[PDB]
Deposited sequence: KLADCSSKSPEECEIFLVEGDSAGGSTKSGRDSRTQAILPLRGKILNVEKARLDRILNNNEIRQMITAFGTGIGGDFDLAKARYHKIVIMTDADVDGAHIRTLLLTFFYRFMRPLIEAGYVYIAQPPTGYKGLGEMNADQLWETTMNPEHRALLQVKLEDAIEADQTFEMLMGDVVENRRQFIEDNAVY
């Protein structure tokens, strides 16, 4: 479950979506209990691009995120109802971490589009040398402390281009995803 911060001011508050419970336990100890909140994600999260609304809304992890942000989804989404002004994706420096990150960005683009537009979604930058093995106090000093941390602001430059990208990479149609891998790596 979500380990929330003491402050109720969303402007100064921030949420960290951590990969796993062990990392989650380390993040909840190293964090600033006043401004930082932690939401642990149990492994791979549901791909909303391949799923229908009934599955998405019934999904435990998807539900937990909506409740944590308290904004709602789709047409009922309200930016003023946001509980955090900074939604930080904190995954392992491995290939699976990058996958969980894509799955989260797929959910945020299709259900919380104005959240990315407002520049509320960020990506944590841990060094490539995973979160499950990351040291307690060092995890705060490298990717959490506002002074020397390096967060990547997720910006939407082209909406038409992005729409086709998520459809190709995360969509049901395998054939176009195969051609993308072939073109950008195999050949």
| query | Unmodelled stretches of the deposited sequence, numbered from 1? | reply | 130 to 131
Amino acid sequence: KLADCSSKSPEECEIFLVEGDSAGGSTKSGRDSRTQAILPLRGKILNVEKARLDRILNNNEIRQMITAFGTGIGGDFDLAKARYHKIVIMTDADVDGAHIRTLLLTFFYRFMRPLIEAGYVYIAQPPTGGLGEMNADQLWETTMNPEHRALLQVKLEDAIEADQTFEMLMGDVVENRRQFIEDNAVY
From here on, numbers count along this sequence of modelled residues.
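Only the largest set of C-alpha atoms that superpose within 1.5 Å between the two forms is called the rigid core.
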| in 8 other deposited structures of this protein, superposed by the rigid core, which stretch departs further from the shown form in CA positions, 13 to 21 or 160 to 168? | 13 to 21
| query | Which has higher Cα B-factors on average according to the PDB entry: 88 to 96 or 71 to 79? | reply | 71 to 79
| Entry-level comparison of average CA B-factors, 159 to 167 and 175 to 183, reporting the higher stretch | 159 to 167
| remark: Max C-alpha B-factor within the set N47, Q64, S33, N58 falls on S33
| query | Among the chain's modelled residues, which third holds the C-alpha B-factor of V154? | reply | middle
| message | Ranking the modelled residues of this chain by C-alpha B-factor as given in the entry, is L41 in the lowest, middle or highest third? | response | lowest
| message | Going by the CA temperature factor in the PDB record, which third of the chain does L53 belong to: lowest, middle or highest? | response | lowest
